[PDB]
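A.B. asks: Attaching a single structure in C-alpha cells format; questions to follow.
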Amino acid sequence: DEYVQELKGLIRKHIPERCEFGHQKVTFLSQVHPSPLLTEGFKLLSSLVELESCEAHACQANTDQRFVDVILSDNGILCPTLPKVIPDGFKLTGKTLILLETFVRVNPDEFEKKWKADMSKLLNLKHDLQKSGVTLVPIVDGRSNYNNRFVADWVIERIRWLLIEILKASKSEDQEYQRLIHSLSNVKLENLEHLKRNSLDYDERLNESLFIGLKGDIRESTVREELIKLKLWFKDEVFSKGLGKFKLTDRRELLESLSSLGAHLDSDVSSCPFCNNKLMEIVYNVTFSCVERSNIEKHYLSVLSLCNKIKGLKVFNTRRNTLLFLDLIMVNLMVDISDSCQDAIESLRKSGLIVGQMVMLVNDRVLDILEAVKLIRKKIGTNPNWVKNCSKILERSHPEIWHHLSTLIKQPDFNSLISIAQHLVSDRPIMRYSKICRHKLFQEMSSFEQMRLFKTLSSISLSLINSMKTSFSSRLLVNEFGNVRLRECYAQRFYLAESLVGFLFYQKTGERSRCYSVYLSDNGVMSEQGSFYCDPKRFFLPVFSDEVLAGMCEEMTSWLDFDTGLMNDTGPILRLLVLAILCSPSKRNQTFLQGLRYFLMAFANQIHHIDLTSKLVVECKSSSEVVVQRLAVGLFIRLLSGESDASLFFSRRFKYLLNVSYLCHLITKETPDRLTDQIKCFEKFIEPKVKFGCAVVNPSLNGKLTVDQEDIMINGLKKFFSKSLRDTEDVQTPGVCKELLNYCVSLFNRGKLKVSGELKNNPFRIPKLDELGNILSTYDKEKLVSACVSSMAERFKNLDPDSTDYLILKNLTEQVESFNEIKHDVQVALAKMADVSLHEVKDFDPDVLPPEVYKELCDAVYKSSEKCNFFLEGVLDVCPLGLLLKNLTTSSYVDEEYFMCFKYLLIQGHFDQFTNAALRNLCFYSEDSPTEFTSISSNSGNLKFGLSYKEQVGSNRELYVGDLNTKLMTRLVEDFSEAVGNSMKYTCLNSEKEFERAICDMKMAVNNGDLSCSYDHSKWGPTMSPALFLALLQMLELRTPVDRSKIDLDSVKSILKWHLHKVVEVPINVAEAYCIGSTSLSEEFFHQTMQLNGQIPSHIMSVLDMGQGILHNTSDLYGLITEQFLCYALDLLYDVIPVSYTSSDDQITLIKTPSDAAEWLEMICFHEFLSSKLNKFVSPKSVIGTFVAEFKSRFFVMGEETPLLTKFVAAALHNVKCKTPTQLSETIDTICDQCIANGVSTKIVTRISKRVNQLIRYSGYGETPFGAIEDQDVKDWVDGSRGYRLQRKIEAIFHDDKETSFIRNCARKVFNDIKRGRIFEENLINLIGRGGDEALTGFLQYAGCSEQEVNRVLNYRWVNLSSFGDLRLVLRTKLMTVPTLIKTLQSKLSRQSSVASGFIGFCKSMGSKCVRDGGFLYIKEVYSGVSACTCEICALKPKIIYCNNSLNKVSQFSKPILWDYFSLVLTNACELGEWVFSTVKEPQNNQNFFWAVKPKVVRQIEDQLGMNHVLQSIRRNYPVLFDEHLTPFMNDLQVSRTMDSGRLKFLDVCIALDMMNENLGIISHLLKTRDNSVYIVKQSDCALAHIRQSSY
RNA sequence: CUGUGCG
Ligand SMILES: [Mn+2]
Ligand SMILES: [Zn+2]
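Reading the first sequence from the start, the letters are residues -11 to 1580 in the working numbering.
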C-alpha cells in the first residue's frame, strides 16, 4: 500500500460542498480494504462528475437512486404502471418533469453510442406517461472529458493515473478489467490482437459452407485443357443453337424497330404540339396576340414599396386587422390620387397595373374594391375608435419614419369608392379548372418569332419563380371544383410590350405544385389567355436563357452545313424540340433521350446486344411524352432515313445526334415527388433480395440469431455457390461456381497474369439512422426543446412574452412547419409547467390530427360555441404564467384560421388522458467497448446502416450511411484496399496517369481500327456479396515485396465477414406509407411480413448486399483480376491480343486481331457466358463493335473527339450556387473555362456572361466593374487567369487607353525594380496595410509623378458596398448551421436544397439590412445618395464609375479602380510573366478546322511553389495573424520554422495584395494544377485572336 | 427570419 496512503493524502484537496461529500469521504476514510476502496472511489468520482453536470442545469440529486414510480407517487399522481428506470437528475414542477441523464466517455464513438442508447431508452416512456398522466422532457449532457468546475484540473489526471496504478498493482474479471483499464485512457487502427475471438457454435458450418471447394493450387496445363474442352463444348451446344446474346445491327431493320417503338401510331394525339401541351398553347396565344397587337405610376410603386416594408415589422401583433389597415391606407391614397388629374385613371392607370375591380395590394395579393368596401364598413359603430387607435400607434412605439402626412387618418368616402366601382365594368375572371386546330404551322413561320417565343418563356418562368418567392405566412380574409370565382387570389405581373402587361393569378401558396391562370391586358381591356397546373421549382433553367439557346441552335444546325437544304427541314423542329423539353420537366423525357443515346451507340457501331428495344420503351402519361418522343424519332429518321453508312460525312451526323441525346440534361434532377422517390428506391433495393429469398425479419440488433435465421443464412450461402459450369439455366440469377474461382486464383498465384501479388509499400503501416433527407430529426428537436425549456425554467427566478421565440430562431441559425410545431410545443410546455372520441382509440397525439378527417364547416361552427372559462377578454400581450391556454385560444379565434383554435379547445378539455461486473455498469463504466467479438458482431452492434437516395439524370442512385464505428471500420478497409490497388497498375479509378494512358491507347486503337468493347454492367451494386471477397482473400496470399512472408489477413477476413453480417434499417416514412396503404411486389411483401411472421419490419438482414459507396475499391480489384483472367483465357484460346481497363462499374476491352467483323461473334458470346458465370452480369447497353469507344462519357471517334457542347452548357446554365456575387462570378469563371476547354464556342460564353450579369442585376445588387465574366472576350482564355480577364475587362471599359498606358509603364518600372533593379521588397508591406489613396500616391512617387497625376488618377471612383466587412445574410441553408485567404489555408490544411430556392433566399436576404457601417442598413438609400453631376467624366460608363464630387454625400464606400488595376497587373506579373505589359494590337474558316492548343505561360515565381512556403512568409510578415486564427491544429510546423526555403523570388511581394483585396483569390488559385493542359479551338476563332507580346 | 426589380 505504498500509494494508498499517497492517494489518501492527495484526495485532501476537495471541498465538501454538499453533505454527501462528507458522507462518502468519511466512509472512504474509515475503510481500508483491498476490494471495496476502488469501487467507492470510482463511484464517488462518478457522483461528483454527474453533480457537476446536472447542478449546472438546476439539478435535484436522486440521493436514494429510486425509480420514477415512487417519486411520482410522492405527490398525488395516478400510477400508469410506468416501466422502471433509474434517473440521474429529476426536476418536477406542477405537472411537468425534466430528467437529465449524464455520462462521460473519453473516446467519441462510445460517447455517441451511449448518447443514442440513453435517449432511445428514455424516449419510449413518454408515450406511456403522457397517455394517462403528466409530461416529461428528456435531456442528456455528454462530456468527452472528466473536467469540472470544482477542481483545479491538474489533480484529476493525477487521480486517474494513481487509480490505474493501484488497480494494475494487484487484482482479485478479464474483459471487465480490460474495459476499465481502457476507459481511463485519453488517446489511443488495425492489429486487433487483444480481441478474444470466441466461438458460439456457429463458425464451423459457416466454414464448410464456404471453404470446401477452395484450393488455389491448380497447375497451368490442366487449366489450358479444361478451357479447351469448355470452348469445344460451348461451340456446339449454345452457339450453334442460336442462343446467344449479341448480333449484327442490320441497320434498316433497326430503323423500323425504332420507328415502331417511338413513333406512336395507335395514339389519338394530333401532330401539332401546341394544343397537346397547355404551356405550348398558352405561349402561342400570348406571342401571337402580342406580335400582331407621368410620375403617377412611380409614386404608386413607391407607396406600395414603403407599405410593403412597414408591413414586415408586424408591430400590431395581429394579421387580419393589420391587412385591413394597410389596404385602407392603400384605398385612401387611391382616392387621394383620383381626386385630381382626371386624365389618369382611364389612360395612365389602365395601361399600367390594373384590371376589372381587381387591384393589387401589399403581399402581391389582388383584391376587389367591392368586398373591400364590404369589409371596411365593418368595425364602424362596433368600435369606430379603431382607426384612431391604430393611428396613435404610428406615433408612439413606432419607427415614426413615414410619409403618411395625410393619407392615413382620412376616413374613406364610400361614395367615391362606389363611383370608381361603377366606372369600370364587371369582367371577373373564371379560371377554368380541370378541338379545332389552327396552330399556324410553325414549320412555315419566319425566322424571328421563335426568339420572341423564348423571351415569352423566360418572362413566364421568372414570373413563376417570383410567385414561388412570395411569403408563406399569409392567410386570406375570406375563404372559398371545375370553375371557381376569383375575388381574393394572389397575382404576379410581367412585362412584354409598352402597352400590354401579362398577369399570373394563383390561389394557394407554398412550394409544392399549384394551379395558375394567365391573363393579358392590352389597353385596359381584360383578355383570357389560359390556365394550367405545374410545380414552379422545375422552371429555374429558362429564367433568362432566352439567348444562349438561340445561338446554340444556329451553331448546332450550322454543324450540318456540308449539304445545303438539310438545315431547312431539321432546324425549326430542333428549336421546337428544345422548347418541348424546356416546358416538360420530367424524368421520363431524360430517360428517353438517354435511351436514344444508347440506340445511337448501338446503331453507329457494328455489334449490339439482342435486348435493346425493351430498355428504350417508356410508358407515357398525360399525352405529353408522346409528342417529344415523336419529335425525337422523326429527327433521328430524317437524319438516318437514307444512305447513312460509315462511308460518308458520318462523324458530324453522329455528333449531331449525340448532342441531341444529351439535350436531356436541361431537365432538373431534383426528385419531383419525394415520398414516391423513397418508395421507388426501397422497392428496387428489396426486389432482388426477396426474389432470391433470404431476407429475414428484424434481428436481435446485438449479435444473436435464432435457428431459422442461421438456417436460412446457410441456405442462402449454399444456393449462391450452387452453380455448374455446363447448365445454361442460370444466366440471370445471382451466383458463381467455385470451380472457376479456383481456376482464376491458381492461375494468378503462379505469376501467369499480367500482374502478381508482389505488393510494395506494405499496407500494414448526430443524425438518426431511421430517417435520411429530413431537415430535422426527432432527436435533434427533443434536444433543442429540452435546452429551451431548461433555459425557460432557469430564468424564472410569473410573466413571459413572445420574445422566447427569438431563442428558437437563435439556435437554428417544411422548415416553417417544423418551426410552428416546436413553437406550439414550447408554448404548451410552458402552459403545463405554469400550473371526436376516435383520437382516444387512435394515436393520442393531438398535434398530428389531420384536417382531412372532418369537414371544415363543423370545425368552424364548433369553435364559435359558448365558452366562459376557455376564453378571456382582450389580446393581453403581456401573457403572465397560468393563463397561457386562454390567450392562445383568443389569438387563434381572432385570426381567420380556426384549426389552432380547435386543437387548443381539444387540449383545454383534458381529453388526452459484492460483484464487480453487475452493480458497477451504470455510473460511467464503458460496457459497450469491443473486447470479445463473434462471427456475427463485434460487441458494439451489428453494423447498422441507413438507406438513402441521390438524384441523378438517369435514375436514382442508392446510398448507405454508416455509424461512427462502421464508418471507421469501412474507412480502414478502404485504405487497405486502396493500398492493394496502388500495388496494382492497370486500375483506373483515382490514378490519373493510367487514365491518360488508357485515353491514348483507345485513341490510337481507334485511329488504327482495333476492336472495341465498352462493357457496361447492370445491377453492379446489389448483386455482389461480401462472401465473394471472403473466398477471394481466403484463396489469396498477398506476398510481401522482399520478405515473402505471406501476409495473413485474418483481421481483414474478420472485418469483411462482419460486413457480410451487416443490417440495414428501412426508412420510417415508407413503412408508414405501406402500413396506411395498383399492385407492387414490395407492398405485398410488406403486408405478408406485418403479423404473419412477426412484428413490423424495421431492420433487414441478409448476405448479398454489397452496399454501393462502401466497397468501391475491393469491388474494383475483384473485377480487375476477374477481367484479367478472362482476357488471358481468351488470348490463350483464340490467339487474339487483349488489353483492358476497369472503372468498377464499366470497363474497356481493346482487341488487336491478326490478319469484315462478322466472324467474331462467337468469342464475344463465349466471353459473355464466362462473365455471366461470374457475378458480373453485363447490361444490354454494351456495344461490341469497332467504330466508337466510350469511357465515363468520354467518347472517341476516328480522327477527333466529340465536343460535348450541350452537356457543358447545361451545367454552366444550371448549378449557380448563390452565396456572394464574387463567389458566383468565380464559379461561373471556372465552369466557363471548363466549357471553353472542350472547344464549345466563344460567342456562347459571352451570352452566358450577359445572362448571369442580367440575373445578378435583377437581384438589386447592381452591376460592378468586375461583376461577372466580361462580355466580348476572345480565345485567350488559354494562358490567362481571372486576373488577366478582369484586366481585359477594365481595359475594355476605357475606350482611349491613355492613363492606363502610363500607369502600366509605372507598373512595369515597379516590376523591374522589384525583380532585380536596385533594392526593394519588405518595405512595400509597410505602405500597403493602412488604406487606399495615399498608397496610390506612394507608388506614384516611387515611380515618379507630380500632384497633377495624384489629383487626376484619383478621379475615377467606383462603389464597393462590401467596404466595412462582408454582406451579412442568411440563406435557405441546412438547419443548425478575417480575410478569406486565411480561411482557405485553414481548409486546405484540414485533410437537398434547390438552386431555385437558393436564388430565392439570396434575393430575399439581400433586400434586408445587409451593408454595415459605423450599424446595418439597406442598399437603396446608398444607391440613391449618389449625385448625378454629369460633368462629362462620369457618363462614359453609367452606373459603374463616378467622380469625386459625385460622391460627396457618401464617401466611405468609394474606392478608386486603378488600385484594382495594380492588383490585376501585379497578379499577372507574379503568375504568368511580364508579357502583359505590352499594348494590344489587332490582326489584319469552314467551321470544321478544330485543333488542340497548349498553354504558353512562363513563370518567374519558382513555378514549383512547394507547400509550407506561404506559411513562413505570413508568419514573418504578420505574426499577429499567424498566431491566432491560423495553424492551431498542426504538429509539423517545425519544418516550416527552420527556413522552409524562405524568401521566395516573388511570394513575399504580391501576397499582401491578396491580404488587402477580397476579389482576387490568387494564392488559392496559385496552388493548383491548371487541370486542362490542352484546349480545343477552331481556326475561325484563331484568326481574330488579339496579339499582345512585350519587348525587352 | 422578413421577398417587391426584368421597360
Ligand atoms: Mn461505360
Ligand atoms: Zn392543333
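Cβ atoms here follow ideal geometry from the backbone N, Cα and C, with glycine treated the same way.
Once you ignore the five residues that flank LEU654 on each side, which residues in its own chain have a CB closer than 7 Å to its CB?
C.D. replies: The residues are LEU529, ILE569, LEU570, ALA1198.
A.B. asks: Taking the C-alpha atoms as reference points, what is the distance between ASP1221 and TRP1265?
C.D. replies: Taking the straight line joining both Cα atoms gives about 7 Å.
A.B. asks: What three-state label does DSSP hand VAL489 in the structure shown?
C.D. replies: The answer is strand: DSSP assigns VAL489 an E or B state.
A.B. asks: DSSP has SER1128 in a bridge; who is on the other side?
C.D. replies: In DSSP, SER1128 forms a bridge with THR1137.
A.B. asks: Looking at the structure shown, is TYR913 part of a helix, part of a strand, or coil, going by DSSP?
C.D. replies: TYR913: coil per DSSP, three-state reduction.
A.B. asks: From the DSSP output, in three-state form, read off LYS1164 for me.
C.D. replies: If DSSP states are grouped into helix, strand and coil, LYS1164 belongs with coil.
A.B. asks: Ligand 1 heavy atoms versus the CB of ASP1134: any closer than 7 Å?
C.D. replies: Within the cutoff, so yes.
A.B. asks: Report yes if the CB atom of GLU1251 is closer than 8 Å to the CB atom of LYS1427, and no otherwise.
C.D. replies: The answer is yes: Cβ separation under 8 Å.
A.B. asks: Rounded C-beta distance between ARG420 and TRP547? I'm assuming under 8 Å.
C.D. replies: That pair is no contact at about 44 Å.
A.B. asks: When the Cα atoms are used, what is the spatial distance from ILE1139 to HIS1005?
C.D. replies: Looking at the two C-alpha atoms, the distance is approximately 19 Å.
A.B. asks: Any chance the CB of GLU89 is under 7 Å from a heavy atom of ligand 1?
C.D. replies: Outside the cutoff, so no.
A.B. asks: Which runs of the alpha helix (DSSP H) fall wholly inside the stretch 1394 to 1456 and span at least 4 residues, in chain order?
C.D. replies: Runs found: 1408 to 1412.
A.B. asks: Assuming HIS597 is part of the beta strand (DSSP E), what are its boundary residues?
C.D. replies: First-last of the beta strand (DSSP E) with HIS597: 595 to 597.
A.B. asks: Report yes if the C-beta distance between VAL1341 and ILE1291 is below 8 Å; otherwise report no.
C.D. replies: Yes; because the gap between Cβ atoms is below 8 Å, this pair is in contact.
A.B. asks: Between which residues of its own chain and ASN1203 is the CB-CB distance below 7 Å, once the five residues before and five after are set aside?
C.D. replies: So the qualifying residues of the chain are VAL1383.
A.B. asks: Evaluate the contact criterion for the stretch 440 to 451 versus the stretch 860 to 870: three or more CB pairs, one atom per stretch, below 8 Å.
C.D. replies: No, because fewer than three Cβ pairs between the stretch 440 to 451 and the stretch 860 to 870 fall closer than 8 Å, the two stretches do not touch.
A.B. asks: Can you grab the Cα-Cα spacing for the pair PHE527 / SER1501, in whole Å?
C.D. replies: Cα-Cα distance, rounded: 49 Å.
A.B. asks: Take every Cβ of the stretch 198 to 213, pair it with every Cβ of the stretch 1131 to 1150, and state whether three or more of those distances are shorter than 8 Å.
C.D. replies: The answer is no - the stretch 1131 to 1150 does not touch the stretch 198 to 213, with fewer than three Cβ pairs under 8 Å.
A.B. asks: Answer yes or no: the CB of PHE493 versus the heavy atoms of ligand 1, is any distance below 7 Å?
C.D. replies: Flag unset: Cβ of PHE493 not near ligand 1.
A.B. asks: Does the beta-carbon of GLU980 have 16 or more other beta-carbons within 10 angstroms, so that it is buried, or is it exposed?
C.D. replies: Classification for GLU980: exposed.
A.B. asks: Mapping DSSP to helix, strand and coil, what is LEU1158?
C.D. replies: It is helical.
A.B. asks: Please report how far the alpha carbon of residue 1602 lies from the alpha carbon of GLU1060, in whole angstroms.
C.D. replies: No answer is possible for residue 1602: the residues shown for the chain start at -11 and end at 1580.
A.B. asks: Which runs of the alpha helix (DSSP H) at least 4 residues long sit entirely within the stretch 68 to 105? Give them in chain order.
C.D. replies: Runs found: none.
A.B. asks: Less than 8 Å between the beta carbons of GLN118 and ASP823, yes or no?
C.D. replies: Their beta carbons are not under 8 Å apart, which means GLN118 does not touch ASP823 by this criterion.
A.B. asks: Sorted by chain position, which residues of the same chain lie with C-beta nearer than 6 Å to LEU355's C-beta, five sequence neighbours on each side aside?
C.D. replies: The answer, listed in chain order, is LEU349, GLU476.
A.B. asks: Inspect the CB distances between the stretch 695 to 711 and the stretch 720 to 727 and report whether three or more fall short of 8 Å.
C.D. replies: At 8 Å Cβ cutoff, the stretches touch.
A.B. asks: Would you give the residue range spanned by the beta strand (DSSP E) that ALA1480 belongs to?
C.D. replies: Residues 1478 to 1481.
A.B. asks: If you scan the stretch 656 to 716 from start to end, which runs of the beta strand (DSSP E) of 3 or more residues do you find wholly inside it?
C.D. replies: Counting whole runs of 3 or more residues, the stretch 656 to 716 contains no beta strand (DSSP E) stretch at all.
A.B. asks: For the beta strand (DSSP E) containing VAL1051, list its first residue and its last residue.
C.D. replies: Counting along the chain, the beta strand (DSSP E) containing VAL1051 begins and ends at 1051 to 1053.
A.B. asks: What residue does the beta strand (DSSP E) around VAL347 start on, and which one ends it?
C.D. replies: It spans 346 to 348 - the beta strand (DSSP E) in which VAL347 sits, taken as one unbroken run.
A.B. asks: Quick one: is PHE436 buried, meaning 16 or more other Cβ sit within 10 Å of its Cβ, or exposed?
C.D. replies: Exposed, by the Cβ-count rule.
A.B. asks: On the three-pair Cβ rule with 8 Å, is the stretch 253 to 265 touching the stretch 574 to 584?
C.D. replies: Output reads no: the stretch 574 to 584 does not touch the stretch 253 to 265.
A.B. asks: Kindly confirm or deny that the stretch 1349 to 1362 and the stretch 1320 to 1329 touch, where touching means at least three C-beta pairs closer than 8 Å.
C.D. replies: Contact fails: fewer than three Cβ-Cβ distances are below 8 Å.
A.B. asks: Should the stretch 590 to 599 be regarded as contacting the stretch 607 to 616, the criterion being three or more beta carbon pairs within less than 8 Å?
C.D. replies: These segments do not touch.
A.B. asks: Below 7 Å CB to CB, which residues in the same chain sit around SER1524 once its five sequence neighbours on both sides are set aside?
C.D. replies: Within the same chain, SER1524 has close Cβ partners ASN1496, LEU1499, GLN1500.
A.B. asks: Which residue comes first and which comes last in the beta strand (DSSP E) that contains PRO1014?
C.D. replies: Premise fails: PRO1014 lies in the alpha helix (DSSP H), 1014 to 1023, not in any beta strand (DSSP E).
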